[PDB]
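> enclosed are the sequence and the experimentally obtained structure.
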Amino acid sequence: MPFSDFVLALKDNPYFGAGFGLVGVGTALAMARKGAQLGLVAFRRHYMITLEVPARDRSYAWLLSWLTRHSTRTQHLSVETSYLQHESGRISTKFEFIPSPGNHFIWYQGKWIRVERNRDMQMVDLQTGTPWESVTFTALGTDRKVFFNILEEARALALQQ
Amino acid sequence: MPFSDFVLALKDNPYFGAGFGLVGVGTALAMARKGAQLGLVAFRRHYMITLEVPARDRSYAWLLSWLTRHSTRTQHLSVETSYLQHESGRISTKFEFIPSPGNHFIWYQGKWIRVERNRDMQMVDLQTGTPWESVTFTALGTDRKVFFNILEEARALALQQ
Amino acid sequence: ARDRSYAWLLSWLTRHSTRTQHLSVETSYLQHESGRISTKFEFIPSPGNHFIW
Amino acid sequence: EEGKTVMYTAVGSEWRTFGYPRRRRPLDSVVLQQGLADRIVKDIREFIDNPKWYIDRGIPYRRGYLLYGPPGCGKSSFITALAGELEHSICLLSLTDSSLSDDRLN
Amino acid sequence: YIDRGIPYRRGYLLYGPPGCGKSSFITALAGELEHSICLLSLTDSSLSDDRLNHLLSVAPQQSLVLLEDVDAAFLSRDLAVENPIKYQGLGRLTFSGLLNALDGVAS
Amino acid sequence: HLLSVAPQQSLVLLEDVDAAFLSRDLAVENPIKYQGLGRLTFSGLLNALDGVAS
Amino acid sequence: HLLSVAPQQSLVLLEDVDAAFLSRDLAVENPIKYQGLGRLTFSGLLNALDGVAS
Ligand SMILES: Nc1ncnc2c1ncn2[C@@H]1O[C@H](COP(=O)(O)OP(=O)(O)OP(=O)(O)O)[C@@H](O)[C@H]1O
Ligand SMILES: Nc1ncnc2c1ncn2[C@@H]1O[C@H](COP(=O)(O)OP(=O)(O)OP(=O)(O)O)[C@@H](O)[C@H]1O
Ligand SMILES: [Mg+2]
Ligand SMILES: [Mg+2]
């Protein structure tokens, strides 16, 4: 009875026709959401490069210094006060600007890198002040040598000045 | 009275017909949601294999090392700075890349494994730095020997180099 | 849970639960009259809504 | 776990197995003074086999043993061999622990 | 060892005036035997008797456990004559714990 | 760990070593007591300066 | 750190220095014990006042 009686019962109500019309809408809506996730995942896996740096590595320090230096004209900075000893023998306050947390864009080597200064989540870490800060270098392409070049240049700049 | 009077009262309003047309829509929507969960559960139970590895096992260390080595051209890496002693007698910085947390895909033994570097949830664990990090090897199929082969190869690679 | 009434009432719920099928296990060592001790599998109603008459 | 000896340990307030079941040490592999091993085995098996003699007189059904002597003469090895012979397990208790209290010990 | 019931363990002690070649010989021996070295610090702060037993029970296969400068873990000589062998350390390790870990029932 | 991850081309400087541990009469005495604040021991320093893992 | 980030054109004032550490008979004795409350040592103060990183 559930098969035959319902089919007649559903066919009796014209609102049922609009109902299965809405049923197809819901099925298409669920498919559309699924299509989005798979497309994003495939695009990230095949055409994007990502380099996360934790705060537990010296590479974090060198990369942060290189981001302070090479930031083009970034206008989302944060202040950092330090005492700089002049060659005259005295010390004066030095106003240094570091890119504040957010999404910044650079044009290194003809690409458009999408560095992101990750903020603090839960104040848990080791060998530091426990802020668990991080940076994520995202760029469009398939070559990995860009991030290696960035890291090597950061090390060279750290060994410079 | 509730049976007879309501039936006449419902039949009086033509909007009632559309409402019970919408009632069937709600029942179908709930059924469709239930159909999704049971389908997912059955598919996972019958045609997929999953191997979770906690951070409390040496298997975690070996498998993490093997994931660092065999990652194909994965472009979702994270840095890991270490000092490597050259045969010349000096030590230089070694830039090692480990797949950053996310979903990575490999083609081991003709399958498409779906490794996932689980992140830190609540920073509670023992015998480690308490990050509760994990990896989950998901693949399509019914054979379990693939994950055993992966673990054995990870152990062999750990005993190598 | 701050009252001995809790302990007594929990014990009474363990005993009088009719045929409740939402139980939880509780392993304890029961000393037999023969002089030895054996494991006792005791079932306490697991958290949830139970109905009695 | 048969053919091997299980060794438990104190984890909080419960006895949890420690490692894997160790292989049994043969009883004749431990050479004690003449008749000592037989005496101890007979005593412990008499205690195990007679709970009624304890119940009928109100005596608590417990027993304790003490092995003393200069180090390296075979106390721990004999205990392992005895546990293997009696098919018992060993619950290692460390009195000089940090988490051990009187209530926890009881 | 198996055919006679003897536990399959061995231990070595190298003693002498400082700088005569104990640690260097241990390193050379580990290289020769293709083993690894598990450095254990008895006078630690997180080391307990149960933790010591566990650590000695899960040592990597084909490895040498190395307890260097054992005499610094516990009081000695006049204290050895004295009733207690006091733990002159930082953690919760005891002389009996070390003795039972090195050669005991659960070793 | 700290002695194992020192930056390359650097000099590790342990200034005023005699203040770390008891000395002279204690050096003659059986233990070289750590007259300090942390959880460092004489054997630990000895093995760090020149040991197996140095 | 505190001695390294003092405001410019300022005088650091350490008043009653003799109360920080044991003295006289202890100064003759091998250790200069810290008769204080925190985790400061005589060598630490000596290196902070005039050391390598001062
Ligand atoms: N009577 C014995 N027969 C055979 N082997 C023995 C005997 N006594 C000691 N041994 C051997 O000596 C070693 C250690 O002995 P064991 O641990 O039993 O000594 P102990 O006197 O109980 O010391 P401790 O209390 O410190 O453990 C083992 O290799 C064990 O086989
Ligand atoms: N027999 C030896 N041949 C070559 N070098 C040696 C020898 N003995 C000692 N040395 C050298 O002495 C130094 C330290 O030696 P080592 O660490 O082995 O000594 P030790 O006896 O363990 O002393 P300590 O307990 O003070 O460390 C190293 O430079 C090592 O090369
Ligand atoms: Mg013993
Ligand atoms: Mg040495």
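Received it, and whenever you're ready, just let me know what you need. Numbers count the residues shown, from 1 in each chain, chains lettered A, B, ... in the order given. Ligands and ions are numbered 1, 2, ... in the order given.

> all strands of chain E, in order?
Applying DSSP state E to chain E gives strands spanning E:36-40, E:63-67.

> right, and these - which one's nearest ligand 2?
strand E:63-67 (11.0 Å; C-beta to the nearest ligand atom). Yep, even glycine has a C-beta here, placed from its N, CA and C like the rest.

> how about the helices in chain E?
E:22-32, E:49-57, E:78-81, E:95-102 (DSSP state H).

> can you redo those as JSON lines with mean neighbour count and distance to residue F:37?
Output for the helices of chain E, formatted as JSON lines (neighbours: other C-beta atoms under 10 Å in any protein chain shown; distance: least, C-beta to C-beta, whole Å):
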{"stretch": "helix E:22-32", "mean neighbour count": "14", "distance to residue F:37": "28"}
{"stretch": "helix E:49-57", "mean neighbour count": "18", "distance to residue F:37": "24"}
{"stretch": "helix E:78-81", "mean neighbour count": "11", "distance to residue F:37": "25"}
{"stretch": "helix E:95-102", "mean neighbour count": "18", "distance to residue F:37": "26"}
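
> can I get those helices in TSV with distance to chain B?
Below are those laid out as TSV (distance: least, C-beta to the nearest C-beta, whole Å):
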stretch	distance to chain B
helix E:22-32	15
helix E:49-57	10
helix E:78-81	34
helix E:95-102	18
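
> and whatever helix or strand residue A:22 lives in, what's buried?
Using DSSP states H and E, residue A:22 falls within helix A:14-47. By 16 or more other C-beta atoms under 10 Å in any protein chain shown, the buried positions in helix A:14-47 come out as A:15-16, A:19, A:23, A:44.

> near ligand 2, which of those residues show up?
Among the buried residues of helix A:14-47, not one lies near ligand 2 by C-beta under 6 Å from any ligand atom.

> from those residues, which single one is nearest ligand 4?
residue A:44 (52.8 Å; C-beta to the ion).

> list the contacts of that closest one.
A:50, B:76 (C-beta atoms under 8 Å, 6 or more residues apart in numbering or on different chains).

> what would the strands of chain E look like in JSON lines with distance to residue B:158 and mean neighbour count?
As requested, the strands of chain E are arranged in JSON lines below (distance: least, C-beta to C-beta, whole Å; neighbours: other C-beta atoms under 10 Å in any protein chain shown):
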{"stretch": "strand E:36-40", "distance to residue B:158": "12", "mean neighbour count": "14"}
{"stretch": "strand E:63-67", "distance to residue B:158": "14", "mean neighbour count": "15"}
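
> separation between the closest residue to chain G within chain D and residue B:81?
Of all residues in chain D, residue D:98 sits closest to chain G, with a separation of 24.9 Å (C-beta to the nearest C-beta). Applying C-beta to C-beta, to the nearest Å, the value for residue D:98 to residue B:81 is 38 Å.

> who has more neighbours out of the two?
Each of residue D:98 and residue B:81 had its neighbours counted (other C-beta atoms under 10 Å in any protein chain shown), and the higher figure belongs to residue B:81 (19 against 10).

> surely that one forms part of a helix?
No: counting by DSSP: H, G, I helix; E, B strand; the rest coil, one finds residue B:81 to be strand, located in no helix.

> hmm, it is touching residue A:56, no?
No: contact criterion C-beta atoms under 8 Å: residue B:81 and residue A:56 do not qualify, at 9.5 Å.

> select, out of the strands of chain E, the one closest to chain G.
Nearest to chain G among the strands of chain E is strand E:36-40; the distance by C-beta to the nearest C-beta comes to 27.9 Å.

> and stretch D:23-38, what's buried?
Neighbour-count burial for stretch D:23-38 [16+ other C-beta under 10 Å]: D:24-25, D:27, D:29-30, D:32, D:37.

> ok, residues contacting it?
With C-beta under 8 Å, 6+ apart as the criterion, stretch D:23-38 contacts D:3-5, D:41, D:74, D:77-78, D:80-82, D:84-85, E:4-6.

> end to end, how far does that stretch reach?
Stretch D:23-38 has an end-to-end distance of 22 Å (criterion: C-alpha to C-alpha, to the nearest Å).

> can you pull up the bridge partners for the residue nearest the centre of chain E?
For chain E, the residue nearest the mean C-alpha position is residue E:67 (4.1 Å; C-alpha atoms, centre = their mean). Under DSSP bridges, the beta-bridge partners of residue E:67 are residue E:40.

> so it touches residue E:43, yeah?
No: at 10.2 Å, residue E:67 and residue E:43 do not qualify as touching, with contact defined as C-beta under 8 Å.

> the nearest residue to residue D:98 once chain neighbours are set aside and residue E:98, how far apart?
Counting by C-beta to C-beta, 6 or more residues apart in numbering or on different chains, residue E:92 is the residue found nearest to residue D:98 once chain neighbours are left out, at 4.7 Å. Computed as C-beta to C-beta, the residue E:92 to residue E:98 distance reads 12 Å.

> overlap of the contact sets of these two?
With C-beta under 8 Å, 6+ apart, residue E:92 and residue E:98 have common neighbours residue E:49.

> which of the contacts of stretch D:23-38 count as buried?
Neighbour counting over the contacts of stretch D:23-38 (16+ other C-beta under 10 Å) leaves D:5, D:74, D:77-78, D:80-82, D:84-85, E:5 as the buried ones.

> tell me how many other residues surround residue 105.
This is for chain A. Per other C-beta under 10 Å, the neighbour tally for residue A:105 reads 10.

> chain D was what I was after
By the criterion of other C-beta under 10 Å, residue D:105 has 11 neighbours.

> look at residue D:15 and give its secondary structure.
strand.

> and the nearest residue in space to it that is not next to it in sequence, what does it touch?
Leaving aside its sequence neighbours, residue D:15 sits nearest to residue D:8 (C-beta to C-beta, 6+ apart; 4.2 Å). By C-beta under 8 Å, 6+ apart, residue D:8 lies in contact with D:15-18, D:89-92.

> for PyMOL, what selects the buried ones among the residues you listed?
Here is the PyMOL command that selects the buried residues among the contacts of residue D:8 (16+ other C-beta under 10 Å):
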select buried, chain D and resi 18+90+92
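
> adding distance to residue E:18, write the contacts of residue D:8 out as a markdown table.
Output for the contacts of residue D:8, formatted as a markdown table (distance: C-beta to C-beta, whole Å):
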| residue | distance to residue E:18 |
| --- | --- |
| D:15 | 45 |
| D:16 | 43 |
| D:17 | 43 |
| D:18 | 38 |
| D:89 | 46 |
| D:90 | 41 |
| D:91 | 43 |
| D:92 | 37 |
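
> report the two of the contacts of residue D:8 separated the most.
Taking C-beta to C-beta as the measure, the contacts of residue D:8 reach their widest spread between D:16 and D:90, a distance of 13.3 Å.

> now do the strands in the chain.
Just going to use chain A. Using DSSP E, strands in chain A cover A:48-53, A:77-85, A:91-99, A:116-118, A:134-140.

> switch to chain D, that's the one I care about
In chain D, the strands defined using DSSP E lie at D:4-5, D:7-11, D:14-17, D:22-23, D:90-92.

> please see if the fourth one touches ligand 1.
Same thing as strand D:22-23. No: between strand D:22-23 and ligand 1, judged by C-beta under 6 Å from any ligand atom, nothing touches; the nearest distance is 13.6 Å.
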